[PDB]
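Next comes start.txt, a file with compact mmCIF, N, CA and C atoms.
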# COMPACT_ATOMS: atom_id res chain seq x y z
N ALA A 1163 30.84 111.22 -66.47
CA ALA A 1163 29.99 110.04 -66.54
C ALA A 1163 29.60 109.60 -65.12
N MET A 1164 28.30 109.47 -64.89
CA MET A 1164 27.77 109.12 -63.58
C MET A 1164 27.52 107.62 -63.50
N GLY A 1165 27.55 107.09 -62.28
CA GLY A 1165 27.18 105.71 -62.03
C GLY A 1165 28.36 104.81 -61.70
N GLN A 1166 28.07 103.52 -61.73
CA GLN A 1166 28.98 102.48 -61.30
C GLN A 1166 29.26 101.52 -62.43
N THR A 1167 30.44 100.90 -62.37
CA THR A 1167 30.78 99.89 -63.36
C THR A 1167 29.74 98.78 -63.38
N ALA A 1168 29.20 98.43 -62.21
CA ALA A 1168 28.21 97.36 -62.14
C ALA A 1168 27.00 97.65 -63.02
N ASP A 1169 26.69 98.93 -63.25
CA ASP A 1169 25.53 99.28 -64.07
C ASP A 1169 25.69 98.86 -65.52
N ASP A 1170 26.93 98.66 -65.97
CA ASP A 1170 27.25 98.42 -67.37
C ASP A 1170 27.62 96.98 -67.66
N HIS A 1171 27.53 96.10 -66.67
CA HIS A 1171 27.92 94.71 -66.83
C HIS A 1171 26.88 93.80 -66.19
N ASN A 1172 26.76 92.61 -66.76
CA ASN A 1172 25.74 91.64 -66.35
C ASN A 1172 26.34 90.25 -66.46
N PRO A 1173 27.21 89.88 -65.53
CA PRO A 1173 27.79 88.54 -65.59
C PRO A 1173 26.70 87.50 -65.40
N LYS A 1174 26.91 86.34 -66.01
CA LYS A 1174 25.96 85.25 -65.97
C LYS A 1174 26.72 83.93 -66.00
N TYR A 1175 26.22 82.94 -65.26
CA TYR A 1175 26.74 81.58 -65.30
C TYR A 1175 25.68 80.64 -65.83
N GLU A 1176 26.06 79.79 -66.78
CA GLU A 1176 25.17 78.73 -67.20
C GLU A 1176 24.90 77.78 -66.03
N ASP A 1177 23.77 77.09 -66.11
CA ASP A 1177 23.45 76.06 -65.13
C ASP A 1177 24.47 74.93 -65.20
N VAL A 1178 24.76 74.36 -64.03
CA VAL A 1178 25.71 73.27 -63.89
C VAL A 1178 24.97 72.00 -63.51
N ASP A 1179 25.34 70.89 -64.14
CA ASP A 1179 24.81 69.57 -63.82
C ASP A 1179 26.01 68.65 -63.73
N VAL A 1180 26.27 68.14 -62.53
CA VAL A 1180 27.53 67.46 -62.22
C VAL A 1180 27.25 66.25 -61.34
N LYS A 1181 27.90 65.12 -61.66
CA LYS A 1181 27.78 63.92 -60.85
C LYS A 1181 28.87 63.92 -59.79
N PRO A 1182 28.65 63.25 -58.66
CA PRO A 1182 29.75 63.03 -57.71
C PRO A 1182 30.96 62.45 -58.42
N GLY A 1183 32.14 62.99 -58.10
CA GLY A 1183 33.38 62.56 -58.72
C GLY A 1183 33.73 63.25 -60.02
N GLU A 1184 32.82 64.02 -60.60
CA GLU A 1184 33.12 64.80 -61.79
C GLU A 1184 33.68 66.16 -61.40
N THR A 1185 34.33 66.81 -62.36
CA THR A 1185 34.79 68.19 -62.23
C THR A 1185 34.30 68.94 -63.46
N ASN A 1186 33.51 69.98 -63.25
CA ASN A 1186 33.04 70.81 -64.35
C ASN A 1186 33.50 72.24 -64.11
N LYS A 1187 33.72 72.94 -65.21
CA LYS A 1187 34.24 74.29 -65.18
C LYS A 1187 33.32 75.18 -65.99
N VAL A 1188 33.01 76.36 -65.45
CA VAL A 1188 32.09 77.29 -66.08
C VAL A 1188 32.70 78.68 -66.11
N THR A 1189 32.75 79.24 -67.28
CA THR A 1189 33.21 80.60 -67.50
C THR A 1189 32.01 81.53 -67.50
N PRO A 1190 32.00 82.60 -66.71
CA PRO A 1190 30.88 83.54 -66.80
C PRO A 1190 30.88 84.25 -68.14
N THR A 1191 29.70 84.44 -68.70
CA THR A 1191 29.52 85.32 -69.84
C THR A 1191 29.08 86.69 -69.33
N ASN A 1192 29.04 87.66 -70.23
CA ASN A 1192 28.77 89.02 -69.79
C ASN A 1192 28.19 89.82 -70.94
N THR A 1193 27.24 90.71 -70.62
CA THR A 1193 26.66 91.63 -71.58
C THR A 1193 26.53 93.00 -70.94
N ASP A 1194 26.45 94.02 -71.80
CA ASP A 1194 26.36 95.40 -71.37
C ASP A 1194 24.90 95.80 -71.16
N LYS A 1195 24.66 97.10 -70.94
CA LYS A 1195 23.31 97.57 -70.65
C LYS A 1195 22.38 97.38 -71.84
N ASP A 1196 22.92 97.29 -73.05
CA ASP A 1196 22.11 97.06 -74.24
C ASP A 1196 21.84 95.59 -74.50
N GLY A 1197 22.45 94.69 -73.72
CA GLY A 1197 22.28 93.27 -73.95
C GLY A 1197 23.30 92.66 -74.88
N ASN A 1198 24.35 93.39 -75.25
CA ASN A 1198 25.31 92.84 -76.19
C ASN A 1198 26.55 92.33 -75.46
N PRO A 1199 27.20 91.29 -75.99
CA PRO A 1199 28.39 90.74 -75.34
C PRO A 1199 29.45 91.81 -75.09
N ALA A 1200 30.09 91.71 -73.93
CA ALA A 1200 31.14 92.62 -73.53
C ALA A 1200 32.07 91.88 -72.59
N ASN A 1201 33.34 92.24 -72.61
CA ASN A 1201 34.29 91.65 -71.68
C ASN A 1201 34.10 92.22 -70.28
N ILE A 1202 34.23 91.35 -69.28
CA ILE A 1202 34.25 91.81 -67.89
C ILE A 1202 35.50 92.66 -67.68
N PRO A 1203 35.42 93.79 -66.97
CA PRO A 1203 36.61 94.64 -66.84
C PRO A 1203 37.76 93.91 -66.16
N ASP A 1204 38.96 94.16 -66.66
CA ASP A 1204 40.14 93.64 -66.00
C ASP A 1204 40.26 94.25 -64.62
N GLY A 1205 40.68 93.43 -63.67
CA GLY A 1205 40.73 93.82 -62.28
C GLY A 1205 39.48 93.49 -61.50
N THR A 1206 38.44 92.99 -62.15
CA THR A 1206 37.25 92.54 -61.44
C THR A 1206 37.59 91.30 -60.64
N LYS A 1207 37.09 91.26 -59.41
CA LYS A 1207 37.34 90.17 -58.49
C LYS A 1207 36.06 89.42 -58.17
N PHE A 1208 36.21 88.15 -57.84
CA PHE A 1208 35.09 87.26 -57.65
C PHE A 1208 35.27 86.46 -56.38
N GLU A 1209 34.18 86.27 -55.64
CA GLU A 1209 34.20 85.54 -54.37
C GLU A 1209 32.91 84.76 -54.22
N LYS A 1210 33.00 83.47 -53.91
CA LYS A 1210 31.78 82.73 -53.65
C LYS A 1210 31.16 83.20 -52.34
N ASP A 1211 29.85 83.13 -52.27
CA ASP A 1211 29.16 83.29 -51.00
C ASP A 1211 29.79 82.34 -49.98
N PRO A 1212 30.17 82.82 -48.79
CA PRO A 1212 30.81 81.91 -47.82
C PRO A 1212 29.92 80.75 -47.38
N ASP A 1213 28.61 80.81 -47.65
CA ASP A 1213 27.71 79.69 -47.36
C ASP A 1213 27.62 78.69 -48.51
N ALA A 1214 28.27 78.95 -49.63
CA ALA A 1214 28.20 78.03 -50.76
C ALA A 1214 28.90 76.72 -50.41
N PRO A 1215 28.64 75.65 -51.17
CA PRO A 1215 29.31 74.37 -50.88
C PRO A 1215 30.82 74.49 -50.96
N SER A 1216 31.50 73.69 -50.14
CA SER A 1216 32.96 73.70 -50.17
C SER A 1216 33.52 73.20 -51.50
N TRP A 1217 32.74 72.43 -52.25
CA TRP A 1217 33.20 71.85 -53.51
C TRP A 1217 32.86 72.71 -54.73
N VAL A 1218 32.38 73.93 -54.50
CA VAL A 1218 32.29 74.95 -55.53
C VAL A 1218 33.39 75.96 -55.25
N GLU A 1219 34.17 76.28 -56.26
CA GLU A 1219 35.22 77.27 -56.12
C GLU A 1219 35.12 78.24 -57.28
N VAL A 1220 35.55 79.47 -57.01
CA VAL A 1220 35.47 80.58 -57.94
C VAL A 1220 36.87 81.17 -58.06
N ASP A 1221 37.40 81.24 -59.28
CA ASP A 1221 38.70 81.86 -59.45
C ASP A 1221 38.60 83.34 -59.09
N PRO A 1222 39.46 83.85 -58.20
CA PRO A 1222 39.28 85.22 -57.73
C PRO A 1222 39.47 86.27 -58.80
N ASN A 1223 40.29 85.98 -59.82
CA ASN A 1223 40.58 86.96 -60.86
C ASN A 1223 39.66 86.82 -62.06
N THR A 1224 39.38 85.59 -62.49
CA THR A 1224 38.65 85.38 -63.73
C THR A 1224 37.18 85.04 -63.52
N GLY A 1225 36.80 84.60 -62.33
CA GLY A 1225 35.43 84.20 -62.09
C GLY A 1225 35.07 82.81 -62.56
N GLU A 1226 36.02 82.06 -63.11
CA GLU A 1226 35.72 80.71 -63.55
C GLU A 1226 35.32 79.86 -62.35
N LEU A 1227 34.26 79.09 -62.51
CA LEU A 1227 33.73 78.26 -61.44
C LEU A 1227 34.18 76.82 -61.66
N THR A 1228 34.79 76.20 -60.63
CA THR A 1228 35.16 74.80 -60.65
C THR A 1228 34.23 74.09 -59.68
N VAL A 1229 33.51 73.11 -60.18
CA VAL A 1229 32.50 72.42 -59.41
C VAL A 1229 32.89 70.95 -59.37
N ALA A 1230 33.23 70.44 -58.18
CA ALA A 1230 33.84 69.11 -58.04
C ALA A 1230 33.27 68.41 -56.81
N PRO A 1231 32.00 68.02 -56.86
CA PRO A 1231 31.40 67.35 -55.70
C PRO A 1231 32.10 66.04 -55.45
N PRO A 1232 32.49 65.74 -54.21
CA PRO A 1232 33.14 64.45 -53.94
C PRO A 1232 32.17 63.30 -54.11
N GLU A 1233 32.74 62.11 -54.30
CA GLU A 1233 31.96 60.90 -54.11
C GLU A 1233 31.26 60.98 -52.76
N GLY A 1234 30.02 60.48 -52.71
CA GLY A 1234 29.22 60.53 -51.50
C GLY A 1234 28.38 61.79 -51.35
N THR A 1235 28.52 62.75 -52.25
CA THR A 1235 27.68 63.94 -52.21
C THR A 1235 26.27 63.56 -52.61
N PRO A 1236 25.25 63.95 -51.85
CA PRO A 1236 23.88 63.62 -52.25
C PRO A 1236 23.49 64.33 -53.54
N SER A 1237 22.63 63.67 -54.31
CA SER A 1237 22.01 64.35 -55.43
C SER A 1237 21.10 65.45 -54.91
N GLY A 1238 20.83 66.42 -55.77
CA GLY A 1238 19.96 67.51 -55.41
C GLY A 1238 20.39 68.83 -55.99
N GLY A 1239 19.51 69.81 -55.90
CA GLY A 1239 19.75 71.13 -56.46
C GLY A 1239 20.30 72.11 -55.44
N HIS A 1240 21.04 73.09 -55.95
CA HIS A 1240 21.61 74.17 -55.16
C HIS A 1240 21.45 75.47 -55.93
N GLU A 1241 21.13 76.54 -55.22
CA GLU A 1241 21.09 77.89 -55.76
C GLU A 1241 22.18 78.64 -55.00
N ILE A 1242 23.28 78.96 -55.66
CA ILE A 1242 24.40 79.61 -55.00
C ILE A 1242 24.59 81.01 -55.58
N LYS A 1243 25.46 81.77 -54.93
CA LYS A 1243 25.72 83.16 -55.28
C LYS A 1243 27.22 83.40 -55.37
N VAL A 1244 27.61 84.23 -56.34
CA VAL A 1244 28.98 84.72 -56.49
C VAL A 1244 28.95 86.24 -56.42
N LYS A 1245 29.78 86.82 -55.55
CA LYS A 1245 29.87 88.27 -55.44
C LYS A 1245 30.96 88.75 -56.39
N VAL A 1246 30.59 89.66 -57.27
CA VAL A 1246 31.49 90.28 -58.23
C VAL A 1246 31.79 91.68 -57.73
N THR A 1247 33.07 92.02 -57.58
CA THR A 1247 33.49 93.36 -57.20
C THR A 1247 34.31 93.95 -58.34
N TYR A 1248 33.77 94.99 -58.95
CA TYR A 1248 34.45 95.69 -60.02
C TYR A 1248 35.51 96.62 -59.43
N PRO A 1249 36.47 97.06 -60.25
CA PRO A 1249 37.59 97.83 -59.69
C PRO A 1249 37.20 99.19 -59.15
N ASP A 1250 36.01 99.70 -59.47
CA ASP A 1250 35.49 100.92 -58.85
C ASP A 1250 34.81 100.65 -57.52
N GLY A 1251 34.89 99.42 -57.01
CA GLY A 1251 34.27 99.06 -55.77
C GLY A 1251 32.79 98.74 -55.84
N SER A 1252 32.15 98.91 -56.99
CA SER A 1252 30.76 98.50 -57.12
C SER A 1252 30.69 96.98 -57.18
N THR A 1253 29.51 96.45 -56.86
CA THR A 1253 29.35 95.01 -56.72
C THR A 1253 28.06 94.53 -57.37
N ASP A 1254 28.08 93.26 -57.74
CA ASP A 1254 26.90 92.54 -58.21
C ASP A 1254 26.89 91.19 -57.50
N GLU A 1255 25.70 90.66 -57.25
CA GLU A 1255 25.52 89.29 -56.78
C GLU A 1255 24.96 88.50 -57.95
N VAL A 1256 25.63 87.41 -58.31
CA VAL A 1256 25.35 86.67 -59.53
C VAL A 1256 25.01 85.24 -59.13
N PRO A 1257 23.84 84.73 -59.51
CA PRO A 1257 23.46 83.37 -59.10
C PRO A 1257 24.06 82.31 -60.01
N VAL A 1258 24.19 81.11 -59.46
CA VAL A 1258 24.47 79.92 -60.26
C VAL A 1258 23.58 78.80 -59.75
N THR A 1259 22.94 78.09 -60.66
CA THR A 1259 22.18 76.89 -60.31
C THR A 1259 23.09 75.69 -60.52
N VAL A 1260 23.27 74.90 -59.48
CA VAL A 1260 24.12 73.72 -59.51
C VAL A 1260 23.28 72.51 -59.11
N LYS A 1261 23.14 71.57 -60.03
CA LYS A 1261 22.45 70.31 -59.79
C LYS A 1261 23.50 69.22 -59.64
N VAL A 1262 23.44 68.48 -58.55
CA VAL A 1262 24.20 67.25 -58.42
C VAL A 1262 23.29 66.11 -58.86
N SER A 1263 23.67 65.45 -59.94
CA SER A 1263 22.89 64.36 -60.49
C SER A 1263 23.35 63.04 -59.89
N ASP A 1264 22.48 62.06 -59.96
CA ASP A 1264 22.84 60.74 -59.49
C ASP A 1264 24.10 60.23 -60.20
N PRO A 1265 24.96 59.46 -59.49
CA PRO A 1265 26.21 59.00 -60.10
C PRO A 1265 26.04 58.08 -61.29
N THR A 1266 24.95 57.33 -61.38
CA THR A 1266 24.85 56.37 -62.47
C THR A 1266 23.52 56.39 -63.20
N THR A 1267 22.45 56.77 -62.52
CA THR A 1267 21.13 56.42 -63.01
C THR A 1267 20.17 57.58 -62.78
N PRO A 1268 19.80 58.33 -63.84
CA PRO A 1268 18.94 59.51 -63.64
C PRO A 1268 17.57 59.18 -63.07
Represent the structure from my file as structure tokens, please.
Amino acid sequence: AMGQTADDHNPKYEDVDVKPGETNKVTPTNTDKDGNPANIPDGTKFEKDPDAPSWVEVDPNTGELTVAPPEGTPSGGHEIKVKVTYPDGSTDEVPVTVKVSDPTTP
């Protein structure tokens, strides 16, 4: 079998909308080359882009995203990246859209 594990997986994160002082958690979903749900391979590792906000964290083993903007964080949108490394050393860059909403009043 030729190719890379990355060719057979398509991790995805739902959009995040979070107010200052909230904590939201997002589990990546995943589909195969045919578009059908599939589990991410065990041993896959996850790392946020080092330029991502300090208040976005990515579980290194599971890829779960914890988004916890402090009080005082400005409202606004962010387009961030998570690097996925499969156990064969292949990689994917996976985006997440993170909106910080106003604390009280949209």
- Message: Which residues are close to residue 1182 of chain A, i.e. within 7 Å by all atoms listed in the file, leaving aside same-chain residues fewer than 4 positions away? Reply as a list in words.
- Response: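 Those residues are residues 1230, 1231, 1232, 1233, 1234, 1235, 1262, 1263, 1264 and 1265 of chain A.
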What lies within 6 Å of segment 1245-1256 of chain A using all atoms listed in the file, ignoring chain neighbours under 4 positions off, as a tab-separated table (two decimals) with N, CA and C atoms, in the frame of the given file?
chain	number	residue	atom	x	y	z
A	1167	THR	N	30.44	100.90	-62.37
A	1167	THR	CA	30.78	99.89	-63.36
A	1167	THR	C	29.74	98.78	-63.38
A	1168	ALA	N	29.20	98.43	-62.21
A	1168	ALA	CA	28.21	97.36	-62.14
A	1168	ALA	C	27.00	97.65	-63.02
A	1205	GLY	N	40.68	93.43	-63.67
A	1205	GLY	CA	40.73	93.82	-62.28
A	1205	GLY	C	39.48	93.49	-61.50
A	1206	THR	N	38.44	92.99	-62.15
A	1206	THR	CA	37.25	92.54	-61.44
A	1206	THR	C	37.59	91.30	-60.64
A	1207	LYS	N	37.09	91.26	-59.41
A	1207	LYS	CA	37.34	90.17	-58.49
A	1207	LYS	C	36.06	89.42	-58.17
A	1208	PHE	N	36.21	88.15	-57.84
A	1208	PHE	CA	35.09	87.26	-57.65
A	1208	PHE	C	35.27	86.46	-56.38
A	1209	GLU	N	34.18	86.27	-55.64
A	1209	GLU	CA	34.20	85.54	-54.37
A	1209	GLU	C	32.91	84.76	-54.22
A	1210	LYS	N	33.00	83.47	-53.91
A	1210	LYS	CA	31.78	82.73	-53.65
A	1210	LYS	C	31.16	83.20	-52.34
A	1211	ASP	N	29.85	83.13	-52.27
A	1211	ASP	CA	29.16	83.29	-51.00
A	1211	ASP	C	29.79	82.34	-49.98
- One decimal, Å: what's the distance from atom CA of residue 1228 of chain A over to atom CA of residue 1185 of chain A, could you say?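 It comes out at 6.8 Å.
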- If we count only N, CA and C atoms, what is near residue 1257 of chain A at a cut-off of 7 Å, once residues fewer than 3 positions away on the same chain are taken out, given as a PyMOL selection string? chain A and resi 1174-1175+1241-1244
Need to verify the contact set: residue 1226 of chain A, 10 Å, only C-alpha atoms, exclusion of same-chain residues closer than 3 positions in sequence. Can you return it as a short mmCIF file (atom, residue, chain, number, x, y, z; two decimals) with N, CA and C atoms, in the coordinates of the input?
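Output file out_34.cif follows:
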data_model
loop_
_atom_site.label_atom_id
_atom_site.label_comp_id
_atom_site.auth_asym_id
_atom_site.auth_seq_id
_atom_site.Cartn_x
_atom_site.Cartn_y
_atom_site.Cartn_z
N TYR A 1175 26.22 82.94 -65.26
CA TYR A 1175 26.74 81.58 -65.30
C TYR A 1175 25.68 80.64 -65.83
N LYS A 1187 33.72 72.94 -65.21
CA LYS A 1187 34.24 74.29 -65.18
C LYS A 1187 33.32 75.18 -65.99
N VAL A 1188 33.01 76.36 -65.45
CA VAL A 1188 32.09 77.29 -66.08
C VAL A 1188 32.70 78.68 -66.11
N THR A 1189 32.75 79.24 -67.28
CA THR A 1189 33.21 80.60 -67.50
C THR A 1189 32.01 81.53 -67.50
N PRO A 1190 32.00 82.60 -66.71
CA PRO A 1190 30.88 83.54 -66.80
C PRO A 1190 30.88 84.25 -68.14
N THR A 1191 29.70 84.44 -68.70
CA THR A 1191 29.52 85.32 -69.84
C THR A 1191 29.08 86.69 -69.33
N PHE A 1208 36.21 88.15 -57.84
CA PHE A 1208 35.09 87.26 -57.65
C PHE A 1208 35.27 86.46 -56.38
N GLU A 1219 34.17 76.28 -56.26
CA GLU A 1219 35.22 77.27 -56.12
C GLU A 1219 35.12 78.24 -57.28
N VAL A 1220 35.55 79.47 -57.01
CA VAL A 1220 35.47 80.58 -57.94
C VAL A 1220 36.87 81.17 -58.06
N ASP A 1221 37.40 81.24 -59.28
CA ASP A 1221 38.70 81.86 -59.45
C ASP A 1221 38.60 83.34 -59.09
N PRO A 1222 39.46 83.85 -58.20
CA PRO A 1222 39.28 85.22 -57.73
C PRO A 1222 39.47 86.27 -58.80
N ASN A 1223 40.29 85.98 -59.82
CA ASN A 1223 40.58 86.96 -60.86
C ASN A 1223 39.66 86.82 -62.06
N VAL A 1229 33.51 73.11 -60.18
CA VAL A 1229 32.50 72.42 -59.41
C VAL A 1229 32.89 70.95 -59.37
#
- Query: Can you list every residue in chain A that DSSP puts in helix (DSSP H, G or I), as a ChimeraX atom specification?
  - Reply: /A:1167-1170
- For atom C of residue 1239 of chain A and atom C of residue 1178 of chain A, the interatomic separation in Å (one decimal):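 Atom-to-atom, atom C of residue 1239 of chain A and atom C of residue 1178 of chain A are spaced 9.3 Å apart.
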- Task: Extract the full set of strand (DSSP E) residues from chain A according to DSSP on the backbone, and format it as number ranges by chain.
- Result: A: 1178-1180, 1186-1188, 1207-1210, 1218-1220, 1227-1229, 1238-1247, 1253-1262
